[PDB]
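Comments concern the structure below.
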Amino acid sequence: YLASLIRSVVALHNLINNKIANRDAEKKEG
Amino acid sequence: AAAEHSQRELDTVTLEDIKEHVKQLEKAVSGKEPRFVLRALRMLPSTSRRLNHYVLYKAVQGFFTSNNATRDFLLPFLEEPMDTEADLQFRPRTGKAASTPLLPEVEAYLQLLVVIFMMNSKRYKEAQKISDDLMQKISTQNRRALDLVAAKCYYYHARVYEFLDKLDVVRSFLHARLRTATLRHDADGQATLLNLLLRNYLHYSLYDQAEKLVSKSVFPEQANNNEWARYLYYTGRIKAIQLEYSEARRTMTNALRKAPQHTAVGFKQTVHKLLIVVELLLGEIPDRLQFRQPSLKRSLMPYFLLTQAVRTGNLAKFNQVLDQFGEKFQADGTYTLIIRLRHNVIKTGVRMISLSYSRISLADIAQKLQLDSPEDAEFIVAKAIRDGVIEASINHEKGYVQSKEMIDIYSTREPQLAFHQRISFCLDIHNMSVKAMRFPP
Amino acid sequence: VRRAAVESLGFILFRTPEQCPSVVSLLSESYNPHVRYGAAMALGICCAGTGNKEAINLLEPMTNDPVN
Amino acid sequence: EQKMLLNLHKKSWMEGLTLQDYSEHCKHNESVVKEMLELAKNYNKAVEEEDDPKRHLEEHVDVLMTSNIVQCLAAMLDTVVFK
Amino acid sequence: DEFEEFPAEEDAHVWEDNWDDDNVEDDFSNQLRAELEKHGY
Amino acid sequence: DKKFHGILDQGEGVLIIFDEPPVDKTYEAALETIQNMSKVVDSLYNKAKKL
Amino acid sequence: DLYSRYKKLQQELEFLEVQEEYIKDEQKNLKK
Amino acid sequence: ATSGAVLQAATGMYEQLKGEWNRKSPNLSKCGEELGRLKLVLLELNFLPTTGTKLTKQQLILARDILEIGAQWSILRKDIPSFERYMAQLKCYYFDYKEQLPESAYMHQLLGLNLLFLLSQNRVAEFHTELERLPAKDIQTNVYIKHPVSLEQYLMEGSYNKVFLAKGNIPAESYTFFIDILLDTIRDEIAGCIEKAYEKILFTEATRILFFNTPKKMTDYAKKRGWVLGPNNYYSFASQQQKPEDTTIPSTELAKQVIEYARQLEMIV
Amino acid sequence: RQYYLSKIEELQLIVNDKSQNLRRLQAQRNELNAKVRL
Amino acid sequence: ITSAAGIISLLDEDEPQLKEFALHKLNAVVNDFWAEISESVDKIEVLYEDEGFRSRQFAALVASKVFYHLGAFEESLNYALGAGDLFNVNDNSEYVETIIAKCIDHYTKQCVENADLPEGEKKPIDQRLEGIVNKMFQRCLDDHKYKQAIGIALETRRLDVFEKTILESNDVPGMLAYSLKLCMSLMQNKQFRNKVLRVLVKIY
């Protein structure tokens, strides 16, 4: 359970980073 | 006056905001993604304020302007500014942009602005016609993205009929629209329509109908946390009325957990009231902090008095608080539950006795619970044991109530089951987070 | 056999040249070079003489591959 | 000849159902979880000071999950098979 | 995403107060005195 | 005073003795990791404000 | 027109499914 | 014209049925036949708003009272289906047309019966929903509603003795029938509590527990429920709770759960 | 006629989500292949 | 108001006219109260199950509407097809549109199965299914452009309605060439290709 929680938190952080990156690219395009 | 100039400044920044929102709607239309629509309706409540008559007049005279019947429908419903010196022609659509018919998203959003502004002006009849026309227009449209927008206006439609105090001339329409969304496999629209229908049912006290539907219909998990919270609150009320008290408590706890942090004071207050009442019905004393919150202090103060009266075991105090503030419960829609608790107080005392003692005799239980006879104590403790509130057994041979001896749970399979639920949730969270990943082309 | 299997994409998709670059957009970046050669040959075969500018775009950097 | 050269490193059938030393499995879990604790400290510091703990944490999680899952499943298979 | 459908409707102490604080009872000194004189005789 | 490990049973009159199981370091480190990624989740809450 | 759109959509869905299956296989091979 | 003639005919059959019913011996068969023919003429007249024309208020009244008389007739034959169908049919007349039709005391009676009906069928959840349906004032004001509410409240706190002593506070025999059915239901509930709570039960004290004045009325349960008698006339329920699942490892289910864990860990998705 | 509209609508949404999933899978494969090549 | 659904108990009676009136009222009010009639289920079904009942078709229609509201279309189609005339020929309501769409999906799947094994082994098709299918064909023919009935037909084999569509007014024969394009672009069955081509050359 601890390892699964670690992995889920890591995946959530990665998804947040990816959303931030794609929004940064979209806003920097203009 | 410079005050009117500053009003014009905030009006034109609202114009820029709505221009950004309609641009996002068109980007969603041309980008094959509905999340931009969700973001537009997320910014929608923020710009539901800061608007006036001229804001919406300039909006409808900037967009549309195709000489369609839409102009003939929305212009007469709002006032117009005079020949202002700052005749800044606000024209987001130029030539071919104004030539093509407006997308359902943008026209729906601007008509929504009309109806919410009309509601803010508190003349419900004027907004009734614009809402009916809006939903006549969007009924034929089968756009997937529009459903999102449709979802929102759906809610607003029911909202206006709340101020019209009818709530019944549209029940069949909401039923049909929910069915249409179900066959469209929509998530947001189905969830919001279920929530609105449940609210209508509870406003007209048809709890059996709501129970039947929630037994038949399935709430979409992949919905808004706000809609999830509303559905959980309504379901908790249903289960509380249906005597399913433990499930109601769990559902209302989940609804409170999913409440929008600090955004909905009234919804949180109502959820706290109902949760406190049902928890008292279970025999559990609620959290004290609920009554000392800055926003929920006065709202739950009668419930503080109720909880104090039942915990102290003073039924006279219970009747007294019924006499003074109990009528307020009728306004809060909890009077029947409060009467049930008035006649179910003794369950709390039985639970306290079970928690403290482990082999307390029947006579001692009757003495400590103000019960007249030991046989009445036997009946009450047996009923409480059967109804899943106590974990004891009465040795009737010599009249002592032996609680079930506590076994080492870590040596049992219960921790494995709890960890299984937690692991499944964590793996599902990881799968959801990795599943989208939103890599743009 | 991997080379031939990838090259069969051209023979399977020449009738609909639009789909061919989509599947082979990434066959062109495998770790082994034989699959890359098969991807290039499939791209050449599927679209016959269409100025797709998508197969051309995919072949633009591949012609700089370290493998010969 | 391919299969009968494969017979060289092929594990026996008794190896699949065998269980790793339980007293050793606990020590391995303790060690790797403590490394994961240090890694979590480093990850918190790195993420907070952003506006390679992640890869190390993921590798440790893979190791822990595969070890514990395999041991648990072997335990269940052994409990059912031998009665 | 405010929930406008549901309307949003001395003792200003900072410390967290537990339920037992509300319970009324005699002072502990009085209880101890009573128990001492009860068990003394 | 956390001297010799045991519990007195006044009911019958006994002082039992046992071997004080260690603490299961795994669980303590698991609790520490749970706290650490609670902190990480707060940090991510500080993020994600940029939509 | 409408039937053409429906058949385009069916063929595109099947092609996307084939590509996704191949990707899952190649991800497994890349991990190996 | 034709609708008026049908309404007048319905008034005639209602008059005949009322003459049969108000008599101290309301013959079951003739009243039932008249009520069925009245049902037919009511289907001819109307049963839903539908048309926007102003339905005659007297027509709504006579339909409501015919349904009330049918509900009161149903209990005479001790036929539950007739009572429930009449109840559900006249619920529409009670609630839809409340703002136009008055409320004679009879409905409250039937309403209370309806609530007590659920007590006879142990449908406590439906009882509480229906109680929520009624206005708050009539919950404690009207006696016809007060009695089932008080009986359910006593049942909800284990006050079976209070129920037994309050049995004599009923204002009608239409109550009395469902009160008897409630006696059987409460005896069954007490038996269930005895099953779940205790482990050994003595016949002599169970006699006071279950409110049975004859030991043969308990031999009834001794063969209906078939409670096992012990060596010393002690019914044993230790075979109800038991201690299962604490000796055999599920293993197979846990193995499947671990397999699912491995799958979710190794899926490419 | 509503046949075609409903069918093409459901097919458009499923193909949209499938294309998005394919894009993310493409990126994941690209990262893995970059690691292997390195 | 109509806030109760006690009319279902009228089905529990024995006289036929009571059941007919209850079924008619339910059919009138299925769209709103489907929650209650979802528990009736068998009480309606037996009405269609008994051959001697006078209005089994109305019961079948009511059950089909109730099941469609529930969402289990696999039985809503069966109970709609069991009913006749007023079941779907009205072609007016959205429920009718959903039912016709699903039943013609069943028809085209069954037609594919029959084309797979046309050696007598082919499974039979309910004549009511064929009737509703070709009624839809005729309605979309006389309604507007005939470029949709042709596609539906070539989806469900059905070369007869294909020939009827091309041999009718058909506006201009250019759409025929369009059909030829379909015959060479969006179909992979060579066995069906032969029949379609033979039809085309006969029409030429």
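For the structure tokens, the naming scheme is as follows: chains receive sequential letters (A, B, ...) according to their order of presentation, residues are indexed from 1 within each chain, and ligands are indexed from 1 in presentation order.
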Exercise. Could you list, as a PyMOL selection string, the residues of chain H having an atom within 6 Å of chain B when counting only C-alpha atoms?
Key: chain H and resi 125+153+157-158+193+196-198
Exercise. Return as a list in words the residues belonging to chain I that are within 10 Å of chain H, counting only C-alpha atoms.
Key: residues 21, 24, 25 and 28 of chain I
Selection export as a PDB file, in the first residue's frame, atoms kept: N, CA, C and O atoms:
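Output file part.pdb follows:
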```pdb
ATOM      1  N   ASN I  21      -5.455   8.954 -26.530  1.00  0.00           N
ATOM      2  CA  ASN I  21      -4.722   7.866 -25.893  1.00  0.00           C
ATOM      3  C   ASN I  21      -3.549   7.422 -26.754  1.00  0.00           C
ATOM      4  O   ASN I  21      -2.466   7.124 -26.239  1.00  0.00           O
ATOM      5  N   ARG I  24      -0.685   9.932 -26.341  1.00  0.00           N
ATOM      6  CA  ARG I  24       0.047   9.772 -25.086  1.00  0.00           C
ATOM      7  C   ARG I  24       0.887   8.497 -25.094  1.00  0.00           C
ATOM      8  O   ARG I  24       2.012   8.480 -24.576  1.00  0.00           O
ATOM      9  N   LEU I  25       0.371   7.427 -25.704  1.00  0.00           N
ATOM     10  CA  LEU I  25       1.145   6.197 -25.837  1.00  0.00           C
ATOM     11  C   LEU I  25       2.357   6.405 -26.737  1.00  0.00           C
ATOM     12  O   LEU I  25       3.432   5.853 -26.478  1.00  0.00           O
ATOM     13  N   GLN I  28       4.945   8.125 -24.594  1.00  0.00           N
ATOM     14  CA  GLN I  28       5.539   7.196 -23.634  1.00  0.00           C
ATOM     15  C   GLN I  28       6.537   6.268 -24.321  1.00  0.00           C
ATOM     16  O   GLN I  28       7.647   6.034 -23.817  1.00  0.00           O
TER      17      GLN I  28
END
```
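Take the candidates B:45, B:313, B:415, B:283 and check each one against chain E using only C-alpha atoms; the shortest distance goes to B:45.
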Per-residue nearest contacts chain J to chain B, cut-off 8 Å, using only C-alpha atoms, as a Markdown table:
```
| residue | atom | partner | partner_atom | distance |
| --- | --- | --- | --- | --- |
| J:1 | CA | B:168 | CA | 7.8 |
| J:3 | CA | B:206 | CA | 7.8 |
| J:31 | CA | B:176 | CA | 6.9 |
| J:32 | CA | B:172 | CA | 5.6 |
| J:35 | CA | B:212 | CA | 5.5 |
| J:36 | CA | B:212 | CA | 6.9 |
| J:69 | CA | B:179 | CA | 7.0 |
| J:70 | CA | B:216 | CA | 7.4 |
| J:71 | CA | B:183 | CA | 7.9 |
```
Quiz item: Interatomic distance between CA of residue 105 in chain B and CA of residue 14 in chain I?
Solution: 21.0 Å
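For the pair CA of residue 103 in chain J and CA of residue 130 in chain J, the separation is 9.7 Å.
Any residue of chain F with an atom no more than 12 Å from chain D counts as a contact; using only C-alpha atoms, that gives residues 23, 24, 25, 26, 27, 28, 29, 30, 31, 32, 33, 34, 35, 36, 37, 38, 39, 40, 41, 42, 43, 44, 45, 46, 47, 48, 49 and 50 of chain F.
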Quiz item: Which polymer residues have any atom within 9 Å of an atom of residue 12 in chain G, counting only C-alpha atoms, with same-chain residues fewer than 4 positions away left out, as a ChimeraX atom specification?
Solution: /C:19 /G:7-8,16-17 /I:15
Hey, list the chain H side of the contact with chain J: 9 Å cut-off, only C-alpha atoms, answer as a PDB file with N, CA, C and O atoms, in the first residue's frame.
```pdb
ATOM      1  N   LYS H  39     -66.072   1.811  -9.844  1.00  0.00           N
ATOM      2  CA  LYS H  39     -64.756   1.941 -10.460  1.00  0.00           C
ATOM      3  C   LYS H  39     -64.883   2.081 -11.967  1.00  0.00           C
ATOM      4  O   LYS H  39     -64.222   2.929 -12.577  1.00  0.00           O
ATOM      5  N   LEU H  40     -65.723   1.246 -12.583  1.00  0.00           N
ATOM      6  CA  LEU H  40     -65.926   1.331 -14.029  1.00  0.00           C
ATOM      7  C   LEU H  40     -66.437   2.711 -14.434  1.00  0.00           C
ATOM      8  O   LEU H  40     -65.886   3.354 -15.339  1.00  0.00           O
ATOM      9  N   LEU H  43     -63.714   5.241 -14.262  1.00  0.00           N
ATOM     10  CA  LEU H  43     -62.846   5.219 -15.436  1.00  0.00           C
ATOM     11  C   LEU H  43     -63.503   5.944 -16.598  1.00  0.00           C
ATOM     12  O   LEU H  43     -62.837   6.670 -17.346  1.00  0.00           O
ATOM     13  N   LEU H  48     -57.527  11.449 -14.353  1.00  0.00           N
ATOM     14  CA  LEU H  48     -56.356  12.299 -14.495  1.00  0.00           C
ATOM     15  C   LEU H  48     -56.810  13.672 -14.963  1.00  0.00           C
ATOM     16  O   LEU H  48     -57.898  13.810 -15.531  1.00  0.00           O
ATOM     17  N   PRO H  49     -56.002  14.717 -14.723  1.00  0.00           N
ATOM     18  CA  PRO H  49     -56.376  16.056 -15.200  1.00  0.00           C
ATOM     19  C   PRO H  49     -56.572  16.106 -16.708  1.00  0.00           C
ATOM     20  O   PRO H  49     -57.663  16.442 -17.180  1.00  0.00           O
ATOM     21  N   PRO H  81     -54.537  -6.809  -0.602  1.00  0.00           N
ATOM     22  CA  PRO H  81     -54.427  -6.162  -1.923  1.00  0.00           C
ATOM     23  C   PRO H  81     -55.489  -5.107  -2.188  1.00  0.00           C
ATOM     24  O   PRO H  81     -55.175  -4.052  -2.756  1.00  0.00           O
ATOM     25  N   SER H  82     -56.738  -5.356  -1.792  1.00  0.00           N
ATOM     26  CA  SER H  82     -57.779  -4.355  -2.004  1.00  0.00           C
ATOM     27  C   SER H  82     -57.484  -3.088  -1.213  1.00  0.00           C
ATOM     28  O   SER H  82     -57.638  -1.972  -1.728  1.00  0.00           O
ATOM     29  N   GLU H  84     -54.538  -1.932  -0.214  1.00  0.00           N
ATOM     30  CA  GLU H  84     -53.412  -1.182  -0.761  1.00  0.00           C
ATOM     31  C   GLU H  84     -53.778  -0.512  -2.081  1.00  0.00           C
ATOM     32  O   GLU H  84     -53.361   0.625  -2.337  1.00  0.00           O
ATOM     33  N   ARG H  85     -54.564  -1.185  -2.932  1.00  0.00           N
ATOM     34  CA  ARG H  85     -54.928  -0.557  -4.198  1.00  0.00           C
ATOM     35  C   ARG H  85     -55.841   0.643  -3.976  1.00  0.00           C
ATOM     36  O   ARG H  85     -55.657   1.686  -4.612  1.00  0.00           O
ATOM     37  N   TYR H  86     -56.817   0.528  -3.068  1.00  0.00           N
ATOM     38  CA  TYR H  86     -57.658   1.681  -2.761  1.00  0.00           C
ATOM     39  C   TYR H  86     -56.834   2.815  -2.165  1.00  0.00           C
ATOM     40  O   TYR H  86     -57.023   3.986  -2.521  1.00  0.00           O
ATOM     41  N   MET H  87     -55.914   2.480  -1.256  1.00  0.00           N
ATOM     42  CA  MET H  87     -55.032   3.469  -0.646  1.00  0.00           C
ATOM     43  C   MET H  87     -54.271   4.246  -1.712  1.00  0.00           C
ATOM     44  O   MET H  87     -54.294   5.486  -1.740  1.00  0.00           O
ATOM     45  N   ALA H  88     -53.607   3.525  -2.616  1.00  0.00           N
ATOM     46  CA  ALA H  88     -52.801   4.174  -3.641  1.00  0.00           C
ATOM     47  C   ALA H  88     -53.659   4.938  -4.641  1.00  0.00           C
ATOM     48  O   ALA H  88     -53.224   5.972  -5.161  1.00  0.00           O
ATOM     49  N   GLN H  89     -54.871   4.455  -4.926  1.00  0.00           N
ATOM     50  CA  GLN H  89     -55.740   5.159  -5.862  1.00  0.00           C
ATOM     51  C   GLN H  89     -56.217   6.484  -5.283  1.00  0.00           C
ATOM     52  O   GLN H  89     -56.208   7.511  -5.972  1.00  0.00           O
ATOM     53  N   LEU H  90     -56.638   6.485  -4.018  1.00  0.00           N
ATOM     54  CA  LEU H  90     -57.131   7.717  -3.416  1.00  0.00           C
ATOM     55  C   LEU H  90     -56.022   8.633  -2.908  1.00  0.00           C
ATOM     56  O   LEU H  90     -56.312   9.776  -2.536  1.00  0.00           O
ATOM     57  N   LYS H  91     -54.768   8.173  -2.886  1.00  0.00           N
ATOM     58  CA  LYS H  91     -53.668   9.091  -2.602  1.00  0.00           C
ATOM     59  C   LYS H  91     -53.629  10.236  -3.610  1.00  0.00           C
ATOM     60  O   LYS H  91     -53.356  11.390  -3.247  1.00  0.00           O
ATOM     61  N   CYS H  92     -53.893   9.933  -4.885  1.00  0.00           N
ATOM     62  CA  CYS H  92     -53.913  10.974  -5.908  1.00  0.00           C
ATOM     63  C   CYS H  92     -55.006  11.996  -5.633  1.00  0.00           C
ATOM     64  O   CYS H  92     -54.780  13.205  -5.752  1.00  0.00           O
ATOM     65  N   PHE H  95     -53.852  14.225  -2.572  1.00  0.00           N
ATOM     66  CA  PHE H  95     -52.741  15.158  -2.728  1.00  0.00           C
ATOM     67  C   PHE H  95     -52.885  16.091  -3.924  1.00  0.00           C
ATOM     68  O   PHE H  95     -52.603  17.287  -3.801  1.00  0.00           O
ATOM     69  N   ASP H  96     -53.305  15.576  -5.082  1.00  0.00           N
ATOM     70  CA  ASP H  96     -53.418  16.408  -6.276  1.00  0.00           C
ATOM     71  C   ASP H  96     -54.455  17.510  -6.088  1.00  0.00           C
ATOM     72  O   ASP H  96     -54.227  18.665  -6.466  1.00  0.00           O
ATOM     73  N   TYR H  97     -55.602  17.172  -5.500  1.00  0.00           N
ATOM     74  CA  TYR H  97     -56.728  18.091  -5.393  1.00  0.00           C
ATOM     75  C   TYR H  97     -56.926  18.603  -3.969  1.00  0.00           C
ATOM     76  O   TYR H  97     -58.052  18.900  -3.562  1.00  0.00           O
TER      77      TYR H  97
END
```
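Counting from CA of residue 426 in chain B, the distance to CA of residue 267 in chain H is 15.0 Å.
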With 9 Å as the cut-off and only C-alpha atoms counted, what is the closest atom pair between each nearby residue of chain D and chain H? Distances in Å to one decimal, ordered by chain and number, as a tab-separated table.
```
residue	atom	partner	partner_atom	distance
D:65	CA	H:262	CA	8.9
D:66	CA	H:262	CA	8.1
D:69	CA	H:258	CA	6.4
D:70	CA	H:258	CA	8.6
D:72	CA	H:258	CA	7.5
D:73	CA	H:255	CA	5.7
D:74	CA	H:255	CA	8.8
D:75	CA	H:251	CA	8.5
D:76	CA	H:251	CA	5.0
D:77	CA	H:255	CA	7.5
D:79	CA	H:251	CA	7.1
D:80	CA	H:251	CA	6.8
```
Same residues, C-alpha atoms, saved as a tab-separated table (two decimals), in the first residue's frame:
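Result went into result_16.tsv, see below:
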```tsv
chain	number	residue	atom	x	y	z
D	65	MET	CA	5.85	-4.19	-4.97
D	66	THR	CA	7.24	-7.06	-7.04
D	69	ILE	CA	3.36	-9.40	-4.36
D	70	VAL	CA	5.39	-12.44	-5.44
D	72	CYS	CA	2.23	-13.15	-1.00
D	73	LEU	CA	1.06	-15.03	-4.09
D	74	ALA	CA	3.54	-17.85	-3.46
D	75	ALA	CA	2.23	-18.04	0.10
D	76	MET	CA	-1.37	-18.36	-1.10
D	77	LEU	CA	-0.50	-20.98	-3.71
D	79	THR	CA	-1.42	-22.76	1.41
D	80	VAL	CA	-3.97	-24.05	-1.09
```
Sorted by chain and rising residue number, list the residues of chain J at most 12 Å from chain C (counting only C-alpha atoms), each with its closest atom pair and distance in Å to one decimal, as JSON lines.
```
{"residue": "J:184", "atom": "CA", "partner": "C:15", "partner_atom": "CA", "distance": 10.7}
{"residue": "J:185", "atom": "CA", "partner": "C:15", "partner_atom": "CA", "distance": 8.9}
{"residue": "J:186", "atom": "CA", "partner": "C:16", "partner_atom": "CA", "distance": 11.0}
```
Please, could you write that set of residues out with N, CA and C atoms as a PDB file, in the first residue's frame?
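Here's the written file part_39.pdb:
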```
ATOM      1  N   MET J 184     -16.782   0.371 -54.366  1.00  0.00           N
ATOM      2  CA  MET J 184     -15.357   0.168 -54.560  1.00  0.00           C
ATOM      3  C   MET J 184     -14.505   0.830 -53.487  1.00  0.00           C
ATOM      4  N   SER J 185     -15.109   1.507 -52.510  1.00  0.00           N
ATOM      5  CA  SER J 185     -14.318   2.232 -51.523  1.00  0.00           C
ATOM      6  C   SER J 185     -14.547   1.755 -50.099  1.00  0.00           C
ATOM      7  N   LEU J 186     -15.798   1.611 -49.674  1.00  0.00           N
ATOM      8  CA  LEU J 186     -16.126   1.392 -48.270  1.00  0.00           C
ATOM      9  C   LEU J 186     -16.816   0.053 -48.031  1.00  0.00           C
TER      10      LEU J 186
END
```
Quiz item: Which residues come within 12 Å of range 16-21 of chain F, counting only C-alpha atoms, excluding same-chain residues fewer than 4 positions away, as number ranges by chain?
Solution: F: 2-10, 12, 25
Exercise. Please return, as a ChimeraX atom specification, all residues of chain I lying within 10 Å of chain J when only C-alpha atoms are considered.
Key: /I:1-4,6-7
